[PDB]
Structure formats: structure tokens, C-alpha cells
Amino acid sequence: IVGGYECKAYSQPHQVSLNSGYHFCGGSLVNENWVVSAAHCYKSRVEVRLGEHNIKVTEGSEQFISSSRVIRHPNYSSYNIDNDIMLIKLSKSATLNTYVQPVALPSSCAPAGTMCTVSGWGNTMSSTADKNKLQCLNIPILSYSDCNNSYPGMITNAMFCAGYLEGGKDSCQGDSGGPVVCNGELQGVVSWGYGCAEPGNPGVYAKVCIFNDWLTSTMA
């Protein structure tokens, strides 16, 4: 996260860290058994770390659970990152408490201008922002017009842009797979963008609201 602020500890209880030796992607707990992330973060097996704030220090609130199944969206394409969404099933159900809570799936697609929160342990591109502590940032959803204007012919129905064309505030590598929450619902998944926080290059996110059927069917 670039240009944000440190999240208050445990203020984003749905935020998870996908670990394979080290943190490599974020994710969102949607229920006691499933986690949503980005398809490009795929690995046959991964360790989901919940209840984290500082990923390098044991705080006593963490729950480390290995995956039992990792399912990429059937239409995911590594050529253009289309349909960049994935589901991870926990081998054992997560214990919901003060530090671990699921985020609700969208009941409708959020319109442009809606304010959201994006968080993660990715690159901060700062000397004062410690990436080991969960970082937070508020970003508005952009119109398709602005999105396509920034990335001509690269935006599909499964993508949306969020952030500021002015630059300076944006998600970045390491935040990938993480949540974009607006009005208490998971509207996006950190996917891609040109550089980070660069003017004219907003962040691109997987449009969760059009995957409700696949998500609910797969979680059955």
C-alpha cells in the first residue's frame, strides 16, 4: 500500500496473509471455510494466516491454517489477468473471534464514486511506512470510461479501476489478492496496474460482484 496509513490493529478482521515461506499475497475470509484471493497468486498448496497485524511478530491472535483445496476461476487467463479471482478452502475451519471475522459478499455492484478501503502488506515505496504492519488506504471506484482511458482495450467486464488518476495513493505488489471493501462488502480483489501510485495509472481490481454465482456454487 502506497500513500496510506497503518490500519488500526484488527480493524480489517477479514484480511488474511497467504504464506509460502514468506507473505506473497493477501486474501479475504468470506466464511469459516473459505478465502477469496487473486488467481495469479495460485499455488497447489498455501498456508493461510489469519488474525495478523504485524506479519513478522507473534501477537497471539494468529491462526495458521493450511489449504485443502485451491480453485482458480475456470476462465482465468494469465495472458491478460482476466477473471483474476480464486477460492481457497481451509483444511480446518477458522475460529471466528475478535481478530478473525469474514467479510460479506456484494449484494450489488458498487457504482463509480463509491469510497472503499484497500489493505495489505505489500510494497509501500516509503521509508516511514513499515510494510510488516497492515497498511490501509481509502480509494474511490472509477468509471469504466476513466479506466479504459488509462488502459485502452485492457479492461474486461471482470475488472474495474479504483484509486486516483493524480497518483500518490494506490495498492502495489504484495497487496495482490487482497480486499477492497465498500459499504461493508467485498467489491474487489487487488489484481494489477502499471507501476504503483503513478499518475494516470490507477489500480485494477477483479470485479467480485459479477462472480457471486460462481463463488456460492463453488463454496457448496
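Residues carry their position along the shown sequence, with the first being 1.
In this entry, the higher average B-factor at the C-alpha atoms falls on 75-83, of the pair 137-145 and 75-83. The PDB entry records a higher mean C-alpha B factor for 208-216 than for its counterpart among 14-22 and 208-216. Highest C-alpha temperature factor among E62, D170, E185, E32, as the PDB entry reports it: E32. The entry assigns its greatest Cα B factor, within the set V181, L50, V189, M154, to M154.
Ranked against the other modelled residues of its chain, the C-alpha B-factor of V70 as given in the entry falls in the highest third. Sorting the modelled residues of the chain by their CA temperature factor places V57 in the highest third. Ranked within its chain, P106 lands in the highest third, by CA B factor from the PDB record. In the PDB entry, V36 places in the middle third of its chain by CA B-factor.
Among the modelled residues of its chain, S119 has a C-alpha B-factor that falls in the lowest third, as given in the PDB entry.
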